[PDB]
Amino acid sequence: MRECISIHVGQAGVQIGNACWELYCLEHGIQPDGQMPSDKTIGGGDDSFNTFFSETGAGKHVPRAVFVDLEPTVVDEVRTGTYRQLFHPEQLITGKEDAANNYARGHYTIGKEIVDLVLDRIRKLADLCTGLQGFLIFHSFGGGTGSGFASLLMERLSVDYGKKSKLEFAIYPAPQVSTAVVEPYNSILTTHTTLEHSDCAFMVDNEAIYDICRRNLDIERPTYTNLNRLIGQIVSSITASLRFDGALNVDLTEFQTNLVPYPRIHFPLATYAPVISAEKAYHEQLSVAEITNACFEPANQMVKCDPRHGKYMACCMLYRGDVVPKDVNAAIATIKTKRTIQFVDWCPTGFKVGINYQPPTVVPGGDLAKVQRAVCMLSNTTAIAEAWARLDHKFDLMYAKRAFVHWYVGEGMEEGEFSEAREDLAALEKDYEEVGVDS
Amino acid sequence: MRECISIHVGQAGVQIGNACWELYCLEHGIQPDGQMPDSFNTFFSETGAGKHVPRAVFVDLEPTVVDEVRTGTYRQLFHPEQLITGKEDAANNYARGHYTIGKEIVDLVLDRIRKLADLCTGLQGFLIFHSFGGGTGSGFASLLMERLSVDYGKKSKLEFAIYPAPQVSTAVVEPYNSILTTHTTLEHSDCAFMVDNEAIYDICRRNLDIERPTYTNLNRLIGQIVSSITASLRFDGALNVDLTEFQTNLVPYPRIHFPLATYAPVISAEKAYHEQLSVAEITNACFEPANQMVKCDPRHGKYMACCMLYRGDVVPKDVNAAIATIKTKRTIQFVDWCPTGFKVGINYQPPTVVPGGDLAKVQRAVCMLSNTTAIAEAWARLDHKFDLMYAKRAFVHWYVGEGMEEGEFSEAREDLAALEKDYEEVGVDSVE
Amino acid sequence: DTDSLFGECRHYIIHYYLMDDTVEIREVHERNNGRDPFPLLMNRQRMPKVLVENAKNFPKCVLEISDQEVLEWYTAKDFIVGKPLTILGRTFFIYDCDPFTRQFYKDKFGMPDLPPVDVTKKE
Amino acid sequence: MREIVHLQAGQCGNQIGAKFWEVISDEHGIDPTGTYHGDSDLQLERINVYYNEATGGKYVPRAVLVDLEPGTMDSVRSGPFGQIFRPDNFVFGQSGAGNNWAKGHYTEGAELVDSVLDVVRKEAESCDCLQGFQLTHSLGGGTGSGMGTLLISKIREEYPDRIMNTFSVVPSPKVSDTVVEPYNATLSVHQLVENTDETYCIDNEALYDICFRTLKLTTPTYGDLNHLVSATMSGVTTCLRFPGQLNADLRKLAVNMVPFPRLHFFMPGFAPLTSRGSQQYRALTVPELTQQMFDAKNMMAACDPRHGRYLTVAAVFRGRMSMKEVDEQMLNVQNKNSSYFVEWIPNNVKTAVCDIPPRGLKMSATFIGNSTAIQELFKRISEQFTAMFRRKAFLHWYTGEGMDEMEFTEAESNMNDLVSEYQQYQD
Amino acid sequence: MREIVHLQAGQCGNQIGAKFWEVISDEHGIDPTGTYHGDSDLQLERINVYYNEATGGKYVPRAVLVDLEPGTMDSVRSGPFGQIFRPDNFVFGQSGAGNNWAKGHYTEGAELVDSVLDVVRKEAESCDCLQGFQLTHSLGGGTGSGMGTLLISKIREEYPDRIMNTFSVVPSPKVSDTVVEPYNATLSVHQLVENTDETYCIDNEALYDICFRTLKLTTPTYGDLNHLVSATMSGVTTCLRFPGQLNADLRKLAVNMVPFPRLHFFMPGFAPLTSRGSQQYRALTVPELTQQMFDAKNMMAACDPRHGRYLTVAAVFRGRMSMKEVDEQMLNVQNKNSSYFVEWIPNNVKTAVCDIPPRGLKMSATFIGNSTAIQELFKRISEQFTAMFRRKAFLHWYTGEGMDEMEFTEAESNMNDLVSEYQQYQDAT
Amino acid sequence: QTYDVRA
Ligand SMILES: Nc1nc2c(ncn2[C@@H]2O[C@H](COP(=O)(O)OP(=O)(O)OP(=O)(O)O)[C@@H](O)[C@H]2O)c(=O)[nH]1
Ligand SMILES: Nc1nc2c(ncn2[C@@H]2O[C@H](COP(=O)(O)OP(=O)(O)OP(=O)(O)O)[C@@H](O)[C@H]2O)c(=O)[nH]1
Ligand SMILES: Nc1nc2c(ncn2[C@@H]2O[C@H](COP(=O)(O)OP(=O)(O)O)[C@@H](O)[C@H]2O)c(=O)[nH]1
Ligand SMILES: Nc1nc2c(ncn2[C@@H]2O[C@H](COP(=O)(O)OP(=O)(O)O)[C@@H](O)[C@H]2O)c(=O)[nH]1
Ligand SMILES: [Mg+2]
Ligand SMILES: [Mg+2]
């Protein structure tokens, strides 16, 4: 049976794991005790406590997750949270000293201490499952733990499981705003693993959600938890066709196949709709026609880029709820007859549609209203090229003065790798420019 | 019916007797006075009064360590003459317990084992618990075993003993006692169960999360292991194995009788609540080097004969699947002349749990008796400690003063050098 | 301090200055005394007893307790013989006082009767 | 876990550290006796960073009290939280230094460093994983400016990887109380630049100026200057002791604060500073914290960053708040004061959030910044040091200790090499 | 069973033994009258080791108090636990030795040894299985340094197999009160090496240094030093009297502590000593014990082992503790200070556990150690002995007894032999 | 009301 394991790394991965696993528990109706002898019966998915949760004879469905961090406090709150009895304490692994926003520390000195323990944990998780579909890994490019310790982990995971897919949900640094100053070195240096030891990337910057939450959900003073709930909605929508039945069920393999035209181009963009508050939601009527039009709005993109400046190459569709095929069909035919939407010459047919039954559940105390239908978009496009260009511009002005270098070389990493990784993004930017040329 | 007699010697023998008989009484249901509120007949003899009379012999050269048992909760479990004490101790000295103080008490302790064996009709064998460091556990056990071999030539004689630890040590003259004891456990032994405290210290902190363990915490685990090997005799099972079978299916050559034990699962009551026991899952844990109770790496040697012991809700289908999993890895090595190296025994009743213990109430269990050549490196580290000792001739005057000839010190050093030399002889591959 | 494992019976002498009302507590060191010779437990200062009920909105991490925030100061009224008195969670039972203190209290403060109370066990 | 050992040298160090131990005693809810009576569980989960457990439910500070004169130890033991410190942690000599750097560094420093290293090593081995040592001292003293520079040199050799933060007190020109003040400061700063990972320059006259205008205290004693310093000292490790939405520690900024090893001097600041009268009229919030941070009036030292150039900026936010507004203020202050930030480092601002508010307050904030204006303080000392060094004045006190003259020259050389490298980063 | 007879020689021995007999009287809960009043069962389970049963529920110490001067007998009879001792066990002469070694061993020693012998053989025959005898004395006296050496000379001939432990007082070079001190000491260490199973070198100067700094008592009376040695004395046989998780006795340690018969001089340590202000800030944990046993300040000998090499180490722990924590620290200390241990002896440490703590305390530990630093004390005697023996000063007191001059030469030769071979065994490969 | 005089 299909199954996925979560590899959440660092503070960002753990906090996302708190939101996502809370959604998964509520999606299937699991108590924070990890049990369900409860009287009320929600759903009928006997097969569905698989995949995410692991059924046991005693009735507790222990989740298939791995929480790892090099500082204990971020996991310690999970150890004393509401779902403490839900999680396997050994699935929670802590470190005594963190990378301290240093890619080097988490890659050569501090990471290697717990690598053997972490990879051993993954093995027995993979031993429990029969058919593993792929790995879902969450981290951030800003912190050293999410950038350094994750990078070696995928390097050792790739040589251990050559065939199993590895998906990348990561926090990209925002173009204008930042929570660190040595951040560009770590993001420059973590691009190498996610280029050669990755299958699909899901970069998202924190600023775009602040734009989305303020403009649509009307939350004027948002928080991280508001960001995490939106992220959890995306991943459930990705896994929705796996968990429940549907007319057009899609697993992880097909939308990987129908998104990667060349091995070096695996950086799509995520888009979710509809995203509106409780008050405004019921006053409009909501159909398939307008929610896919919101999916093409530049202001609704999760990454600060204009797709009109770029050109679509492969768009993966994910419908869910009380959707009907024609209004999916008629939506697509309306999409094609717009000059503002541009497509590459070598992909006349650029859509992949999946259809599911279960409407998206709403966690109490959220911002999304309870709605009947939803839609998830995974659009590979060349408009993400400008994001790397700004990061190179930020890096170039600070490598020239050799700022912050002594922390890295003093840790034990060579300075020649710094110039090497910059050349890679110089190369990778030209690769997207090659596709943007039309014959 | 099959019977077994307990010949516990030394301070190690008496505490391991307390832990093992406590588990044994709870296993059958024995009240501390000795009353059932007959599978128990193998270890218990009945009177008119229904007292079950454990078939054990507690012997030590110091009275304090057995008087604690005499005032203990089980003061009315054990027979007052079965408790035999000595006025003065061997004092970590092999010669003192072998030629001066031991010989005074040999006559009585041989009369006790005679009467206990006179109670038994068909005796499977004896279990002996002793030490290699202490004088009484090494010296007195040697001569008792020396006189036990002649007294009963055929009867099986199992040796459960502690080995001196590779790094830590509770004394300074243990290698002299340890080196001199290998002669007895070679020409007068059928099976050996050397286990050091560090590895039991190692396993407790990582699995049971006991950061500050004590000897009772280890002694409960060894009480579990001795329960597992015999549980096939005590209760029924699909594939019942006795003492003779696993003795035959572990010893290819007479001088090679030092198996390495392994037990699983060793988990806390909390751990069982969020983890799913399975036959294949507990089988794998018996092979990890981090769980061995001997500080040696079997991946540095090769497995030569492995004895399997399943206990609990065990199904033969998952037994074969686990073993089929076992044979298909390169990391696990086997000797060339043994393609088939397993001996499977299946028992019904799961191991019980004593209140105040550490092991969770588990549904399935597994015991491993893996004899390999990687144990030979343990003796090598003993010689290097011994050779740096014998060169400067320290502590020899104590041994000489008792009346032991100094030529035996070189002779014992040469014997296990030959015993080491037998082991890489097996490690040679028969490349045709 | 008998309740804690570090039980002690050290006697103390408490000085109140009429310069400005200030209290200091010196210790009585013994022959062996088990302790490093130290001058005093506390130094000349002003003890509050209760402060203004607006203490909830006072940033005590930045500004110190001051004469705006206190509404009452420690005075000689808690400092009366025969009755215990707490400073900083210390029981501090008054055993006795000096004859000059007895005079001043009787003829200038007003209370005439402050008899001594023995505090020593019978061995 | 993550422990901290607090070094305490000199009367300046002793009074500041004793006040500091009070302002985290009230936070972790420990009495002057040594018992816990707090309410929240988070108040007692990470107490091991600063306190060490004893029998009877008593928690002792991990502090080493050093001062070459026994008089200061009398006041510290006689303080409110006086009987909280261990007597063996008190180490003290019999003769002072007379405000002379050379005596306290070589002559009377030699007999006492072995005792200081003894207890420091004991406190080092007591903890399992150690993050670094914290030292509070004055750069114009005789012991902290003297022996204290000897202490830091020895620990760096012993423990190289561990972080060194120094809450040193640097003199002021307008108000000074010692004539041989420049000699000790100029001979101490050479020790900080070679062996210190980051330094917090604090000046008493800036504290006096703040109390004269910002806090509106009529008779400023030494305590309020110390309490305000102890607030900043608590404001840096509050993210370490408590959970937060965007967690941080002493290395996360320290990694993010050192572009080059020669530049580790910082401007500490504290945002919620209001007069008692205007406390009701002021409405503390994320904006009102921000504009109070970035003015030079709130700054705790004696250099105007307006004349200088901001290299890197830290904002450690204590309490519960919304970061999009926190983000917006940092981006806004970056955009409008563009001429005041560097052009070769974009996104100069580092931010961190710890949810626990300080005691007696709802919101608080700590600012640590590296700007070009720190060179103005150093060149000010050179204007007075050389003017007192051109006539060999007050040299026989220093020369009588057995020291040469090139030590004065090499100290002035490296500082003039420091500021020249510091000035070239401005331009 | 396993009994001990407590010999008691000299004013040093009488005051030390009186304090010791009071100390284990408190532990075993016996009043000054002589009846048992203790609260626990095990306080009277192995009391036959030290005490003898008397009709009417009375326990008499198995002690033999000897001194050539009758003045000290009245003081020990006027002490707190003075009446507990049997009056017949008091043996004493009429004239002292005057700090002269030759008088106490040759001239005035001959008349009274038989009276000592009659009571000593009486107590020895009383116990069925005696583990050995036990003597406290001073090397700087005329009785203990004299008569005592004659006593240990005879008792080896009669009872060779019994364990001989000697808790002798060694002189200090810095503090001294006898002009003819080194002559007696040089003539006593020769008797110790031939006829003694183990010796514990105690020094008053180190005990003062402990009480000046560690306990920081301003006025150390002679009880405080006698209390310190009594605690170490009880810490040696506490594992014998009470049960433990890892049992031991005198023979268990002695086999592990003597590599060569010439080497039986040990160097004791007692952990739990802290000042009253140090109680306030202290966590009662075994690493705090282990650090405090192994520092050079705590030891009550006049030798710093950092210039020596630790031959064998013994540590008997009194209390109910975890031996994984116990065993790790001894492995830890063996690894960090590798240079101070012999390389030909791996696992230099012997450990034992006794569950019952000392009275009024939760945790304690007793340390016995053999190191090269004990040779630093014997040569320092020769620096003064030869300086006095070259000019033949103060010789007519020794010569007037009728003895020759060769005895000093052989005693100096034997100790020179011992310190020379001891250095060889320190740097042996 | 009753806490004695205590030593
Ligand atoms: N969107 C979002 N981003 C987060 C969250 N938590 C942390 N981050 C990002 O993570 C970056 C810093 O890394 P952290 O996750 O805090 O720490 P880390 O991954 O453990 O790496 P180290 O700091 O070296 O230990 C910040 O810049 C944030 O943008 C979160 O809950 N939501
Ligand atoms: N695992 C384990 N080892 C023990 C136990 N009891 C004693 N030992 C070991 O035995 C060694 C010493 O021998 P003991 O059994 O204690 O004493 P002994 O064998 O009677 O020898 P003597 O003391 O000379 O009489 C010690 O080093 C311990 O490691 C026990 O209960 N469990
Ligand atoms: N701000 C502040 N400064 C202090 C305090 N105590 C002392 N100082 C300063 O420290 C200087 C004297 O330092 P000193 O005692 O000689 O240092 P030491 O020689 O190391 O003991 C004076 O100029 C004071 O300005 C204090 O509590 N607060
Ligand atoms: N530590 C300690 N030393 C003592 C005690 N009593 C006497 N001494 C020492 O014993 C020495 C005198 O011994 P002495 O009476 O001549 O011994 P005797 O001739 O054998 O009786 C002095 O140097 C004292 O230091 C005591 O109670 N404790
Ligand atoms: Mg982090
Ligand atoms: Mg024994």
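Residues numbered from 1 in each chain as written, not as in the entry; some residues may be left out. Chains lettered and ligands numbered in written order. Part of a larger assembly, values for the part shown. Heavy atoms only, no water.

With that settled, the discussion passes to the overall build of chain E. Counting its secondary structure elements, chain E contains 16 helices and 14 strands. Radius of gyration (C-alpha) of chain E: 21 Å, near the 22 Å computed for a compact globule of 429 residues. Along the first, second and third principal axes, the C-alpha atoms of chain E reach 60 × 60 × 45 Å. Counting only residues that meet the buried cut, chain E has 63% of its 429 residues in that class. (Helix = DSSP H or I, 4+ residues; strand = E, 2+ residues; numbered from the N terminus. Rg over C-alpha atoms; globule rule 2.2 N^0.38 Å. Buried < 20%, exposed > 50% of the residue type's maximum accessible area, 1.4 Å probe, protein only.)

Residue and element names in this part refer to chain B. Strand order in the open sheet formed by four strands is β7-β10-β8-β9, with mixed pairing between adjacent strands. The sheet terminates laterally at β7 (260-264) and β9 (344-347), the two strands that pair on one side only. Strand-to-strand twist in this sheet, taken as the mean axis angle between neighbours without regard to direction, amounts to 15°. Taken together, the five bridges between β7 and strand β10 (residues 364-372) define a ladder with antiparallel strand orientation. (Pairing = 2+ DSSP bridges. Axes fitted to C-alpha atoms, helices over the stretch in contact; angles between N-to-C directions.)

Here the focus is the packing of aromatic side chains. Counting across every chain of the model gives 99 aromatic pairs over all chains. An aromatic cluster of at least three residues, connected via ring pairs, comprises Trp21(B), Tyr24(B), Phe43(B), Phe44(B), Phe58(B) and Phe78(B). Positioned above the aromatic ring of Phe389(D) is the side chain of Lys392(D), whose terminal nitrogen or guanidinium carbon lies 3.5 Å from the ring centre. (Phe/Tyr/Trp six-rings, centres within 6.5 Å; stacked < 30°, edge-to-face > 60°. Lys NZ or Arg CZ within 6 Å of the ring centre and 35° of its normal.)

Turning next to the domain arrangement of chain E. Residue and element names in this part refer to chain E. Each assigned domain of chain E is listed with its residue range as follows: domain 1 (3-257), domain 2 (265-374) and domain 3 (375-425). In this structure, domain 1 and domain 3 have C-alpha centres spaced 26 Å apart. Of the residues lining the interface, 19 residues belong to domain 1; the matching set on domain 3 comes to 22 residues. Taking both partners together, domain 1 and domain 3 bury about 1,900 Å²; carbon and sulfur atoms supply 75% of that area. Along the contact surface separating domain 1 from domain 3 lie one salt bridge. The partner of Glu-401 in a salt bridge is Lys-103, and the shortest N-O contact between them spans 2.5 Å. (Domains from an automatic or database assignment. Contact = heavy atoms within 4.5 Å. Buried area = accessible area lost by both parts, 1.4 Å probe. Salt bridge = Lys/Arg side-chain N within 4 Å of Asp/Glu carboxyl O.)

Now for the pairing of strand β6 (residues 130-138) of chain E. Residue and element names in this part refer to chain E. In terms of residue burial, β6 counts as a mostly covered element, since nine of its nine residues are buried. Relative to β6, strand β1 (residues 3-9) is paired through six bridges, and the arrangement is parallel. Across the sheet, the residue bridging to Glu-3 is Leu-130, located in β6. The sheet contact formed by β6 and strand β7 (residues 163-170) spans seven bridges and is parallel. Considered in β7, the bridge of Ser-138 is made with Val-169. With helix α5 (residues 143-158) bridging β6 and its parallel neighbour β7, the resulting β-α-β unit is right-handed. (Right-handed = clockwise from strand over helix to strand, strands pointing away.)

Contacts between the two partners involve seven residues from chain C and, on the opposite side, eight residues from chain E. In this assembly, chain C packs against chain E so that about 640 Å² is buried in total across both faces, 54% of it on carbon and sulfur atoms. Broken down residue by residue, the surface that chain C buries against chain E is led by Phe6(C), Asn32(C) and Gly34(C), which jointly contribute 70%. Here chain C is connected to chain E by zero salt bridges. Our count for the contact surface shared by chain C and chain E stands at four residue pairs in polar contact. Of the residues that constitute the side of chain C that touches chain E, the class distribution is one nonpolar, two polar and four charged. (Polar contact = N/O pair within 3.5 Å; in protein donor to acceptor, adjacent residues only side chain to side chain. Nonpolar A, V, L, I, M, F, W, Y, C, P; charged D, E, K, R; others polar.)

Attention now goes to the UniProt feature "binding site: Mg(2+)" in chain A. The feature "binding site: Mg(2+)", as annotated in UniProt, sits at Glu71(A) in this numbering. Inspection of the secondary structure puts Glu71(A) in the loop between β4 (67-69) and α2 (72-79). Its relative accessible area of 6% is what places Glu71(A) among the buried residues. What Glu71(A) contacts, discounting residues up to four positions off in sequence, is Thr94(A), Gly95(A), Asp98(A), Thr145(A), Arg2(D) and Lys252(D). (UniProt positions renumbered as here; feature names shortened; annotations may be inferred.)

All right, on to the interface of chain E and chain B then. How big an interface is tends to be stated in terms of the accessible area lost upon association of its parts. Listed by partner, the interface residues are 42 residues for chain E and 37 residues for chain B. Interface of chain E and chain B: buried area, both sides summed, is about 3,700 Å²; carbon and sulfur atoms make up 56% of it. Among the residues of chain E in contact with chain B, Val255(E), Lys324(E) and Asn347(E) are the three that bury the most area, contributing 17% of the side total. At the boundary of chain E with chain B, the tally comes to four salt bridges.

As a further point, take the nonpolar core. In terms of nonpolar packing, the biggest core is built from 191 residues, with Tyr176(B) and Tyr51(E) touching the most fellow members. Discounting residues that sit within four places of it in the chain, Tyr51(E) has contacts with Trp21(E), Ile24(E), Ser25(E), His28(E), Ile30(E), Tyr59(E), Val60(E), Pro61(E), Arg62(E) and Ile84(E). Within the second largest apolar cluster, 165 residues are counted, among which are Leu86(A), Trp388(A), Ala403(A) and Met323(D). (Core = buried A, V, L, I, M, F, W, Y, C linked by side-chain atoms within 4.5 Å.)

Attention now moves to the UniProt feature "binding site: GTP" in chain E. Residue and element names in this part refer to chain E. Following the UniProt record, the feature "binding site: GTP" maps to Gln-11, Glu-69, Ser-138, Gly-142, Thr-143, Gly-144, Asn-204 and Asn-226 here. You can see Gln-11 is positioned in helix α1 (residues 10-27). Under the relative-accessibility criterion, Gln-11 is labelled partly exposed at 47%. Setting aside chain neighbours within four positions, we find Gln-11 in contact with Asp-67 and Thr-72. Classification of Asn-226 by relative accessible area gives buried; the value is 10%. Discounting chain neighbours no more than four positions away, the residues touching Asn-226 are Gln-15, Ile-16 and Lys-19.

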